[PDB]
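**Q** Before anything else, here's the structure in question.
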Amino acid sequence: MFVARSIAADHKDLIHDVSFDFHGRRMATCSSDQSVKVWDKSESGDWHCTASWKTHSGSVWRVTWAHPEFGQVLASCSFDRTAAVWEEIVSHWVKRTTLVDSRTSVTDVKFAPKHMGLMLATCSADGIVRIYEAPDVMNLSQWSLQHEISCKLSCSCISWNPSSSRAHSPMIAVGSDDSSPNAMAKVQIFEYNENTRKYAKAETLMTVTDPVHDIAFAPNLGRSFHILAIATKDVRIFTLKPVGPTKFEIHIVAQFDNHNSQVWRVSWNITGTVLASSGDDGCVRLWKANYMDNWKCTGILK
Amino acid sequence: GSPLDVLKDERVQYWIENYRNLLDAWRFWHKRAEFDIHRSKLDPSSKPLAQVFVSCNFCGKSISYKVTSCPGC
Amino acid sequence: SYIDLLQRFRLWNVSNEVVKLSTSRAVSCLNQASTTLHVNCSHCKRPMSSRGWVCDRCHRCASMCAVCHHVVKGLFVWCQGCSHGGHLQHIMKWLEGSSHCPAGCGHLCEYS
Ligand SMILES: [Zn+2]
Ligand SMILES: [Zn+2]
Ligand SMILES: [Zn+2]
Ligand SMILES: [Zn+2]
Ligand SMILES: [Zn+2]
């Protein structure tokens with residue numbers, strides 16, 4: 001039932017991302033010209049341009065937003081082997097702290113949920129995930145890398161757990177994009193035992209054999225279990241019922257090949273009921289659930 | 001109409017908190033305020049927001065309950 | 001004499017304007033006397049510094065408007081019987097709309 005439209009915006013170079021803030025009034029798009037720019041929807045529904053500035057030497061792939069409670073910051077990664085932050089001063093943005101501790105290309109950057117503070121997770125092609133901290137919301141010019149996680153493989157995408165119930169310990173999902181002839185799990189999950197005060201490997205999905213492009217976590221909204229979508233040759237949705245690391249009851253719920261190609265990106269709604277997936281077939285297919293608790297398509301857009 | 005055992009559950013509070021956050025996403029501030037009135041009058045366990053109170057410079061204590069005169073000293 | 005005459009007519013804007021630009025030391029001191037407040041956190045009951053919006057022991061941002069749940073960095077209204085408040089503009093609109101403390105507590109902050 002989804003109908004399309006066209007957005008009145010003009011760019012020069014190809015852009016690699018789009019990301020709303022928390023309300024849906026500020027997007028942040030990174031262009032192939034190393035130039036990121038921020039739009040701002042107005043009261044009349046139009047989109048204007050507010051800022052733009054070139055980034056570091058590499059090529060930017062990801063730009064993410066932050067919760068409005070902490071101010072207005074964005075984290076962006078590029079092949080410059082560095083991760084950046086940006087704060088509004090009013091509007092001239094300023095660099096605050098370039099988290100440069102990686103010997104490879106930091107593929108992904110993501111922000112931790114609000115309920116625990118200002119953390120951001122990055123891992124590079126070397127296969128080591130880093131977690132950073134801002135233990136003074138006052139000044140953003142000071143960060144600390146507490147935990148380093150060995151992955152014994154590469155990174156493609158990571159995603160946190162939106163769930164904020166006290167029962168659930170913090171969780172993280174690390175992908176891989178290695179097409180080695182051997183077969184190994186390419187998606188793994190880590191937990192955080194407060195007793196050991198460290199991140200421990202919890203569960204891995206052995207059914208994953210091909211390279212993985214993207215991973216996302218469906219928001220909780222008070223549910224009992226968790227919902228996870230993995231980008232592969234086929235879109236797949238897994239649910240992990242809670243039972244050291246907590247044992248997880250894993251069973252598949254969907255497996256979709258209605259693309260005839262390789263899936264690139266996966267996204268979720270605010271509620272966590274509609275999935276939007278994009279692939280090399282040049283179409284965007286949105287999947288929702290039906291009355292029989294069955295996962296089926298709802299619109300194919302191009 | 002809930003007796004003060006169901007409302008204490010860790011599950012029955014999560015749904016209210018998550019609905020309130022969803023209302024925040026709507027930017028439906030006044031609807032949330034009305035719902036807060038409703039929840040507060042029907043659930044004694046909920047403690048309202050923690051905010052600032054001002055304090056005197058000589059007594060050192062709060063002024064919240066001569067009008068111009070402080071009630072402390 | 002001019003400031004007294006101005007205040008007599010309830011023209012506070014221009015009186016304060018004369019105070020601010022007054023070219024003598026003895027006149028540019030009337031609004032610098034006993035006009036600064038001391039702010040506290042209602043969870044920890046300890047003072048906060050003069051250039052911040054967060055709590056050193058609490059860590060809870062103690063400046064949140066009771067209408068929009070956003071950090072208040074400038075003007076902050078405060079009801080005296082509730083110890084609740086928020087943005088200056090938000091609270092006015094809420095109080096025009098209804099007569100309840102927006103945070104939620106049986107209390108009519110103006111008694112209608
Ligand atoms: Zn006092
Ligand atoms: Zn405190
Ligand atoms: Zn406000
Ligand atoms: Zn109140
Ligand atoms: Zn009041």
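Chain lettering (A, B, ...) mirrors the order of the structure tokens, residue numbering begins at 1 for each chain separately, and ligand numbering begins at 1 in order of display.
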Given a cut-off of 7 Å, which residues of chain B touch chain C, counting only C-alpha atoms, written out as a short mmCIF file (atom, residue, chain, number, x, y, z; two decimals) with N, CA and C atoms, in the first residue's frame?

**A**
```
data_model
loop_
_atom_site.label_atom_id
_atom_site.label_comp_id
_atom_site.auth_asym_id
_atom_site.auth_seq_id
_atom_site.Cartn_x
_atom_site.Cartn_y
_atom_site.Cartn_z
N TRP B 29 3.28 16.52 22.67
CA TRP B 29 3.63 16.86 24.04
C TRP B 29 2.40 16.92 24.94
N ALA B 33 1.22 14.90 28.29
CA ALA B 33 0.95 15.52 29.59
C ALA B 33 -0.37 15.05 30.16
N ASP B 36 -0.03 11.63 31.42
CA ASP B 36 0.69 11.63 32.68
C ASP B 36 -0.24 11.97 33.84
N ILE B 37 -1.12 12.95 33.64
CA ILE B 37 -2.14 13.22 34.65
C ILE B 37 -2.93 11.96 34.96
N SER B 40 -0.73 9.30 36.79
CA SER B 40 -0.42 9.71 38.15
C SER B 40 -1.62 9.58 39.06
N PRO B 48 7.03 11.45 39.90
CA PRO B 48 7.19 12.42 38.81
C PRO B 48 8.64 12.80 38.59
N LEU B 49 8.85 13.64 37.58
CA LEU B 49 10.20 13.95 37.13
C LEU B 49 11.00 14.62 38.24
N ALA B 50 12.31 14.41 38.20
CA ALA B 50 13.24 15.02 39.15
C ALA B 50 13.85 16.26 38.50
N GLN B 51 13.60 17.42 39.07
CA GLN B 51 14.00 18.69 38.48
C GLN B 51 14.77 19.52 39.51
N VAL B 52 14.94 20.79 39.20
CA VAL B 52 15.68 21.74 40.03
C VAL B 52 14.77 22.40 41.05
N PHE B 53 15.30 22.60 42.25
CA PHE B 53 14.73 23.52 43.22
C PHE B 53 15.81 24.52 43.60
N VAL B 54 15.39 25.74 43.89
CA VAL B 54 16.32 26.81 44.23
C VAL B 54 16.52 26.82 45.74
N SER B 55 17.69 27.29 46.18
CA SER B 55 18.05 27.28 47.58
C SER B 55 18.60 28.63 48.01
N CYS B 56 18.31 28.99 49.26
CA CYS B 56 18.70 30.28 49.81
C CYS B 56 20.21 30.37 49.98
N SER B 64 10.67 25.65 48.75
CA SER B 64 9.40 25.04 48.36
C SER B 64 8.63 24.55 49.58
N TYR B 65 7.33 24.81 49.57
CA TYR B 65 6.47 24.38 50.67
C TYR B 65 6.35 22.86 50.72
#
```

**Q** Write down as a PyMOL selection string the residues belonging to chain C that are assigned strand (DSSP E) by DSSP computed on the backbone.

**A** chain C and resi 38-41

**Q** Give me, as a Markdown table, the closest atom pair and its distance (Å, one decimal) for every residue of chain A within a cut-off of 8 Å of chain C, counting only C-alpha atoms, rows sorted by chain and rising number.

**A**
```
| residue | atom | partner | partner_atom | distance |
| --- | --- | --- | --- | --- |
| A:68 | CA | C:70 | CA | 7.5 |
| A:69 | CA | C:70 | CA | 6.2 |
| A:138 | CA | C:52 | CA | 7.6 |
```

**Q** Could the residues of chain B that have an atom at most 7 Å from chain A be listed as JSON lines, each with its closest atom pair and the distance in Å to one decimal, counting only C-alpha atoms and ordered by chain and ascending residue number?

**A**
```
{"residue": "B:14", "atom": "CA", "partner": "A:222", "partner_atom": "CA", "distance": 6.1}
{"residue": "B:15", "atom": "CA", "partner": "A:222", "partner_atom": "CA", "distance": 5.6}
{"residue": "B:18", "atom": "CA", "partner": "A:221", "partner_atom": "CA", "distance": 6.1}
{"residue": "B:25", "atom": "CA", "partner": "A:23", "partner_atom": "CA", "distance": 5.7}
```

**Q** If you measure from CA of residue 253 (chain A) to CA of residue 177 (chain A), what distance in Å do you get, rounded to one decimal?

**A** 23.2 Å

**Q** At a cut-off of 9 Å, using only C-alpha atoms, what residues contact region 144-157 of chain A? Leave out same-chain residues fewer than 2 positions from it and give the result as an NGL selection string.

**A** :A and (106-109 or 123-135 or 142 or 159 or 173-178 or 186 or 188 or 198-200 or 211-216)

**Q** For residue 7 (chain B), list every protein, DNA or RNA residue within 12 Å, evaluated using only C-alpha atoms, and leave out those in the same chain fewer than 3 positions away; present the list as a ChimeraX atom specification.

**A** /B:1-4,10-16,39,42-46

**Q** Write as a PyMOL selection string the residues around ligand 1, taking 9 Å as the cut-off and counting only C-alpha atoms and all ligand atoms.

**A** chain B and resi 55-63+70-73

**Q** Go ahead and write the residues just picked, N, CA, C and O atoms, as a compact mmCIF listing (two decimals), in the first residue's frame.

**A**
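Now in part-v6.txt:
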```txt
# COMPACT_ATOMS: atom_id res chain seq x y z
N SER B 55 17.69 27.29 46.18
CA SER B 55 18.05 27.28 47.58
C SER B 55 18.60 28.63 48.01
O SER B 55 19.27 29.32 47.23
N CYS B 56 18.31 28.99 49.26
CA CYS B 56 18.70 30.28 49.81
C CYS B 56 20.21 30.37 49.98
O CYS B 56 20.93 29.37 49.93
N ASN B 57 20.69 31.59 50.21
CA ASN B 57 22.11 31.83 50.34
C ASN B 57 22.57 31.94 51.79
O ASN B 57 23.76 31.77 52.07
N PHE B 58 21.65 32.22 52.71
CA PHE B 58 21.95 32.31 54.13
C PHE B 58 21.49 31.07 54.89
O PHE B 58 22.29 30.45 55.60
N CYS B 59 20.21 30.70 54.77
CA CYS B 59 19.74 29.47 55.39
C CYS B 59 20.40 28.25 54.77
O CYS B 59 20.86 27.36 55.49
N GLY B 60 20.48 28.20 53.45
CA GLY B 60 21.00 27.06 52.75
C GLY B 60 19.98 26.02 52.36
O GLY B 60 20.33 25.05 51.67
N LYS B 61 18.72 26.17 52.76
CA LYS B 61 17.71 25.16 52.52
C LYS B 61 16.73 25.62 51.44
O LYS B 61 16.75 26.76 50.98
N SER B 62 15.87 24.69 51.04
CA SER B 62 14.88 24.93 50.00
C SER B 62 13.80 25.89 50.49
O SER B 62 13.54 26.03 51.68
N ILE B 63 13.15 26.54 49.52
CA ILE B 63 12.02 27.41 49.81
C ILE B 63 10.68 26.77 49.46
O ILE B 63 9.64 27.31 49.86
N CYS B 70 12.02 34.58 53.36
CA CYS B 70 12.20 33.15 53.27
C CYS B 70 11.58 32.48 54.50
O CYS B 70 11.51 33.08 55.57
N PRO B 71 11.12 31.24 54.37
CA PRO B 71 10.53 30.55 55.52
C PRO B 71 11.56 29.87 56.40
O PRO B 71 11.21 29.46 57.52
N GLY B 72 12.80 29.73 55.95
CA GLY B 72 13.81 29.07 56.74
C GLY B 72 14.26 29.85 57.95
O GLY B 72 13.96 29.47 59.09
N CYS B 73 14.98 30.96 57.74
CA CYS B 73 15.41 31.78 58.87
C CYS B 73 14.96 33.23 58.73
O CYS B 73 15.38 34.07 59.53
```

**Q** Could you check which of C:23, C:99, C:8, C:112 is closest to ligand 4, using only C-alpha atoms and all ligand atoms?

**A**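 Looking only at the distances to ligand 4, the closest residue turns out to be C:99.
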
**Q** With only C-alpha atoms and all ligand atoms as the atoms that count, which of C:96, C:110, C:4, C:17 lies nearest to ligand 5?

**A**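 That would be C:110, the residue with the smallest distance to ligand 5.
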
**Q** Have a look at C:32, C:21, C:9, C:57 and name the one nearest to ligand 2; count only C-alpha atoms and all ligand atoms.

**A**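 Of C:32, C:21, C:9, C:57, the one nearest ligand 2, counting only C-alpha atoms and all ligand atoms, is C:57.
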
**Q** Nearest to ligand 3: which of C:91, C:33, C:3, C:19 is it, counting only C-alpha atoms and all ligand atoms?

**A**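 Ranked by minimum distance to ligand 3, first place goes to C:91.
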
**Q** Which residues, written as an MDAnalysis selection string, have at least one atom at most 8 Å from region 256-261 of chain A, with only C-alpha atoms counted and residues fewer than 3 positions away on the same chain left out?

**A** chainID A and resid 233:236 279:281
